[PDB]
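Notes follow the structure.
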Amino acid sequence: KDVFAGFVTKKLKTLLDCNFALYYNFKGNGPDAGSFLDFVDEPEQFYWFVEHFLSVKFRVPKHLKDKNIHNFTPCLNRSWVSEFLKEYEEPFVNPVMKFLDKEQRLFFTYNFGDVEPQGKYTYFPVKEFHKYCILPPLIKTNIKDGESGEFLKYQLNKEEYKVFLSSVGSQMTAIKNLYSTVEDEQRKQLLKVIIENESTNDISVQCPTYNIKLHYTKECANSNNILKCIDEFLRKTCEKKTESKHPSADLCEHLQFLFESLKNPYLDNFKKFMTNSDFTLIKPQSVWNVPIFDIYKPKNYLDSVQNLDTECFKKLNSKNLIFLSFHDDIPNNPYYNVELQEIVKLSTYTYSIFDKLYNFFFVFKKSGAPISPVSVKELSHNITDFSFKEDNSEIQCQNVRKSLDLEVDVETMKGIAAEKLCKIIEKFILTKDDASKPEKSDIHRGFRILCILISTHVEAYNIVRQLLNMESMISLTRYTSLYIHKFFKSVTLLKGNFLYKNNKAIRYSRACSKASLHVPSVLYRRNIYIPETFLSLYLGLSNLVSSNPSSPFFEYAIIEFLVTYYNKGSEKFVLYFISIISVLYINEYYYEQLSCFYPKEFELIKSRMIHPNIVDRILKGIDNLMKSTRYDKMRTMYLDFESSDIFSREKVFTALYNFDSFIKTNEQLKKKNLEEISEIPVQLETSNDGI
Amino acid sequence: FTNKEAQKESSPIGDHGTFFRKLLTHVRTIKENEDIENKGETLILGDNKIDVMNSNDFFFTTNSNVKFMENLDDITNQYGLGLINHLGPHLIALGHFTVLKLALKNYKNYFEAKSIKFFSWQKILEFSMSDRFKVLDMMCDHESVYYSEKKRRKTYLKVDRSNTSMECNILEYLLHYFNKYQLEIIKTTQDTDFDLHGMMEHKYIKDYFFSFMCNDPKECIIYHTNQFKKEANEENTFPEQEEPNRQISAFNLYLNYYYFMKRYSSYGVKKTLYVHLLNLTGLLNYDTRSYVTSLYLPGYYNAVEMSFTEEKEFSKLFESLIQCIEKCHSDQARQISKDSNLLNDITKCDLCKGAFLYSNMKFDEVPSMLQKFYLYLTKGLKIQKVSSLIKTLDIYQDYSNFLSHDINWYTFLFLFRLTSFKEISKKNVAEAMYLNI
Amino acid sequence: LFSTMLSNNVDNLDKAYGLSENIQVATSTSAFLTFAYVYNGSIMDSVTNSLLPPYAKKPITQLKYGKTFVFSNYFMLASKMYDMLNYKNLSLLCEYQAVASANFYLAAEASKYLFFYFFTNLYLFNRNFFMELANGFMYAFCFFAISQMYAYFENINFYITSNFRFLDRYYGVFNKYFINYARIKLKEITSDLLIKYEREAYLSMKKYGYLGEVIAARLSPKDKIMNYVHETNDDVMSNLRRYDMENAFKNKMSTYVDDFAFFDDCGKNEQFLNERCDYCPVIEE
Amino acid sequence: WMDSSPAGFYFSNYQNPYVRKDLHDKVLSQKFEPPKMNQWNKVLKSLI
Amino acid sequence: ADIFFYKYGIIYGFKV
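Chains as they are written, first to last, in PDB author numbering: chain A, 25 to 715; chain B, 196 to 632; chain C, 972 to 1076, 1147 to 1165, 1200 to 1360; chain D, 730 to 777; chain E, 827 to 830, 863 to 874.
Dropping the structure here:
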């Protein structure tokens, strides 16, 4: 328990160095790049590094080759932060930040010679000034039909001499054929393609984009309304251009080439814009919805061919646009503020992002014992019925407790589901008494069962209402569990949501949005032979598991599907467990809620559900099979990671009745407007010069 | 089936040794330098030009002489084929009798020691199309994991499968093509009101099919409904007499047989599809009456037409066969089998020689089946690269109207496809079948 | 003539246009509205046809001079043939579509938008008139489609695919769609919500066009190429024509409200959730 | 010929020069007719 | 017409 003056133990430096090596070599064959995270001058990168690498038990990805630091084997299954804050009394954050930055400095000098640090810029894309370009108009005519030998199409990546005329001529094709002055050795084929493809009624331009690359917190700390800090950075990149190591700064130039080419009120307002300190020209081009920046996060999924650069730390969400205009308006939007990361004690941060589930992989390898498949020869020694489970009897209307109501539309259901989950989270957050010090806790036992169970309810409601022709064919909706997923990725960023900057709802919201994803993967599956969409309540299980509910092999097939995930170490096992059980319960909920009160709807939809008496036998078979001399490690592990409130019919049906009661009560208050989840920007008029 | 005294009328010791030696000599005489470039094109049509295409027997596999049919029977019976000659490639009947043969060859294990599981053929058709193969695996006593998650044509090739006796390859082929037949029926009925999805709870398939012809999930006579007669117009014209009670059961034998024999030949396409779909919904449940009705319906014979999809030419498919016979002209066993004793353990190039001798026999001036088929294919339809027989409607319809003159045409196609796979000289039958696609 | 005698649901299409109400205006305003829709939808479907691959257009589309004079005579022939049997209401539609052939320089959206637009513009409360004119308009659109499909003059090969009776299929599909649309929303109708529906329809079309041009400007730099013009060789176009004819009725007219929202951090087995497709075959190599 | 018909002027007028009102009283009370191909036949014959 | 390939017109005239 030293005070951590300036240095650490020797066993910790090895872990830190292997962490640095894994980071720099993550994409492979790159132990030299300039992906230097500047900790001291950008505090939002320190926390990125702490979240993704420093406080995570060590695990090596796909890499089977040999990488410079040798070897990883002393460091596997250890987390740097938990060893640090248990060796010393936990100090402030600035000493730790300086210490890590200094050791990254010495690591980056020991390798890659003496090339300088300070990268990891932030990207702002911009393309159009008023219209028709910003960048040197290397516009491309992407018409088809006429490349020499291959599928390629037409290209006209033209030089800077393209420079156009004034308002004298107003037609794109006209100005196109006009400037054929000389065009050494390319004139005749250019006019060839001109007379060729002026027909077919399509001519494209599409000139490219330019990325401003400023440091976010070094130039936008004060000076709110991000547009302001961007423009003030733009006017500091003029000045007798002779700079050194200030790259991506020729933008003053590119616009000069454009201003001297159009007209002369533009030089006037442009030069009065400089050196007056009050002239905005950034002019947002959309409505700027909630998720502002698109931060980069690694993954064990081998991020696809969409690669931009190994410097892009943040980025504009691509539904928020920017164009450099004069004489325009800036509508009032509450999302222009510059909000930065607040520094924290490095213990409350590590504790505020932590859930036990993601340690499953590290328990598996510590316990071993991988289960073995069943090998049909053994299956004929253990199965004794082969009877095909038909059971087509009647329903007893005595004690079903009418709850269902088929008059609420779907958007209201989505709103009410989101509101109910938000209320549950609000209740779970405040736990008595939250007195310091809060040491370490897990997500309250029984929450995932609530998301998954409340999301299956809404998905099945959507399917049932679509089967009865109660939804207009112009406002249909696939995957109601989208609106939940999205809605919980940005719930701590919405004004007036009662969870605004709580910092405790993140791991509750993240838990909750990684499931909603797991519900419709079961409820929609598209089997291997005739892949199409079906709108049923049991075909998804049959396609996922490759068996029928009446077959004598259904429970074995379900358990084997789960066993394929239990091995290899994987949290998918728990989530798929819960999702399958939930679908089975929701079948027998809807069957007896329709058979007892909607006899017409029931005589239409009777063949899309199973029965309340087949589901009972299936569930009994599952629970009997889990507790028998095999598949037992599975049950112990599940009970170690999640609650045993499934397997209890009466504890699962009270949740459904409670949700129905909540709908009935708080439906006369539901006129909200369904926060939008789309990814296409909402444009503004911008009738500027295009003639 | 055989002990109607043999060694007296249907099996000599076998003069085919000299035949095979001379044939190999001939094919190796043709297999020389480039003076003739089409190998499987000149040894098929040896003598030309004789035996004009069209005279009254171009459509049948034999001429009007009974001795030629008797000789074909004898040749197939001498090798172990036996059953595949008297039954066609009928899915239901060949499955039934191959399971009976399997049960006779391993009687003590099944029904005395009771160490292995045994299912009837009428029960296997009642499982889902992914469980049918697992149920076949735990009956032929083979080792394999139960849960697969992939397709059968990719899981089959993950174990040894240097298999035991041929019944197990025959049943694999039959299950594969029964699955194909089911999927084709389901995909081709598919109106804008029916929609008939995939693995969908056989009971519910029957309920939904009856709730669409006569708008009620109870059974009704489909020949009297208005949905049955949307394309053409029908008449009741049945002996409405009870015999002996009201409410005929829609699976009755008399009703179905009567309507078949009276008017099946003047139906559209939707009506033949509806007839076969009614029979299939009978077979997917237990319903012995559908098991019996499926013995005269024509769609269970011509499911072999789905077997030819490779873009090779007929000559290459003949060359593959020639090369598997010459592959087994070296080893001692087996030179010949005596009869079809049904405990006889048929081997592979026994099947090879049987299919060859069956397809390539002549009677003193008359072309074989290969020559009639090849002449129809090249001079009649003018098609090489035999996978265009099923790519266009008119070609396919003429092809299926030609094949329907004789049921030995289906046996010819069966025996020819079984031994003309590409990797047939190295591997087994079902293994080559799955390698081919 | 033969593909028309050999069907069941042409008389239903005939009886759907302009019933003499009681004693009333006798579809004069309906005549105006249908003529206006012919006039505009002609340009609409023609500019839709403008950006297409080969094998999807008629030979009357490639010739340069005298292109809007052949369609006139083809449609006049079709109207003569429809009149010849008994269908005096299906020949008037072809007469309109032949008169409106001069100006020849996802769809139901524009159909309903134009219908609401012109109706509200003309009547600025009788509720039956609205229903019969809406039925006539919506059936007239499908009639435009089917009438233009009686073409392509490919000697025999185009009509031998597997269906050849497309009229009954199209009628069943559109009948179901219109029954649903009429029963659900357009009910309890008065002179307040017409303006509403018009506003939301115009907003919806503006959103559709905006996203269309956006994805058009976005599709080029991506590494996801779909050819959109495969070949001009006269052997692969027949494959594609047959494939379109076969898989035509394996699609629906339904639109979804969330089709540009996507799932994040999927696995390898959860990718199918991002396809947003019907009858999606899985292809390997 | 089509863009000179009595019913071609208005459909070319979407920027309203007070055209909606007289269009609507021509359609409500007066008889509004689309051009007939019979009219175009005589023009065709004359120019041929 | 007479196309099916020509790029110009081969118009002729008939009556039914």
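For each residue, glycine too, the CB sits at the ideal point set by N, CA and C.
Beta carbon of residue i, beta carbon of residue j: below 9 angstroms?
i, j, result
"A/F123", "A/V27", "no"
"A/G58", "A/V139", "yes"
"B/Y341", "A/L586", "no"
"A/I508", "A/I605", "no"
"B/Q377", "B/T483", "no"
"A/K401", "B/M333", "yes"
"B/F389", "B/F405", "no"
"B/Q273", "B/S532", "yes"
"A/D318", "A/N341", "yes"
"A/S479", "A/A529", "no"
"B/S554", "B/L565", "yes"
"A/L251", "A/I306", "yes"
"A/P67", "A/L364", "yes"
"C/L1034", "E/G867", "yes"
Where does residue i land, buried or exposed, given buried means 16+ other C-beta within 10 angstroms?
i, result
"A/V206", "exposed"
"A/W104", "buried"
"D/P746", "exposed"
"B/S535", "buried"
"A/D433", "exposed"
"A/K264", "exposed"
"A/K200", "buried"
"B/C363", "buried"
"B/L299", "exposed"
"A/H635", "buried"
"B/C544", "buried"
I want to verify the contact list: residues of chain F whose CB lies under 8 angstroms from the CB of residue i, in sequence order.
i, result
"C/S1237", "The structure shown contains no chain F; the protein chains it does contain are A, B, C, D and E."
Would you tell me roughly how many angstroms separate the C-alpha atoms of residue i and residue j, rounded to the nearest one?
i, j, result
"A/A581", "A/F601", "13 angstroms"
"A/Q142", "A/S371", "27 angstroms"
"A/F297", "A/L159", "20 angstroms"
"A/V368", "A/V117", "7 angstroms"
"A/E700", "A/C536", "19 angstroms"
"A/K630", "A/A484", "14 angstroms"
"C/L1061", "C/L972", "13 angstroms"
"A/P271", "A/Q280", "18 angstroms"
"residue 160 of chain B", "B/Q442", "No statement about residue 160 of chain B is possible, as the shown extent of chain B runs from 196 to 632 and does not include it."
"A/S594", "A/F384", "7 angstroms"
Is residue i near the ligand PLP - that is, is its Cβ less than 8 angstroms away from at least one heavy atom of it?
i, result
"C/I1235", "The model on display carries no ligand, and the ligand PLP is accordingly not part of it."
So residue i packs on residue j, CB below 8 angstroms; how close in whole Å?
i, j, result
"C/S1001", "C/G989", "5 angstroms"
"B/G290", "B/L366", "7 angstroms"
"A/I167", "A/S228", "7 angstroms"
Using a Cβ-Cβ cut-off of less than 9 angstroms, list which residues of the segment 424-450 of chain B approach chain C; keep chain order. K425 and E426
Scan the segment 399-415 of chain B for residues whose Cβ lies nearer than 9 angstroms to a Cβ of chain A and list them as they occur along the chain. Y399, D402, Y403, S406 and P412
At a CB distance below 7 angstroms, what residues from the segment 1318-1352 of chain C approach chain D? Give them in sequence order. none
Closer than 8 angstroms between beta carbons: that is the criterion. Which residues of the segment 528-553 of chain A meet it against chain B? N551, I552 and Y553
Counting only Cβ-Cβ distances shorter than 8 angstroms, please list the residues of the segment 739-760 of chain D near chain C, keeping chain order. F740, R749, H753, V756, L757 and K760
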